[PDB]
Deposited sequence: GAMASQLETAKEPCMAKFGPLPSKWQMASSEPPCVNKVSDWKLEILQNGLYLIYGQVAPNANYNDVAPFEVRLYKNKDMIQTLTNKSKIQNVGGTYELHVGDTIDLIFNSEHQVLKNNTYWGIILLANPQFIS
């Protein structure tokens, strides 16, 4: 099941069975999508900006402290977080 997490400091990018990889790290807190699909971004900023490509998809400040949600992402798509977050591929139907 394709997953990744970055990471809690001093953890960096970690990765679970990427074969073929669905995801590829870019810098810190940032990866790139290699494979179209429905993904679940999760993460935490406790006991901040989530970005898909150039614009913001979540802005944690606020009744819960969980980052992310479910999103269709496509090849070359980036996610950046501007304490961890990770991603899991749920499905790749037809059609995305």
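In sequence order, the gaps in C-alpha coverage of the deposited chain fall at 1-12, 60-70, 85-86, 108-118, 133.
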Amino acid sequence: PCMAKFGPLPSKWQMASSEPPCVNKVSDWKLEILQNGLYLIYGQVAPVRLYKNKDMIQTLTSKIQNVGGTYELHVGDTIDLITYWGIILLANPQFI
From here on, numbers count along this sequence of modelled residues.
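Set 16-24 against 71-79 and average the Cα temperature factors; 16-24 ends up higher.
Per the PDB entry, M56 shows the highest C-alpha temperature factor of the residues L38, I33, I41, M56.
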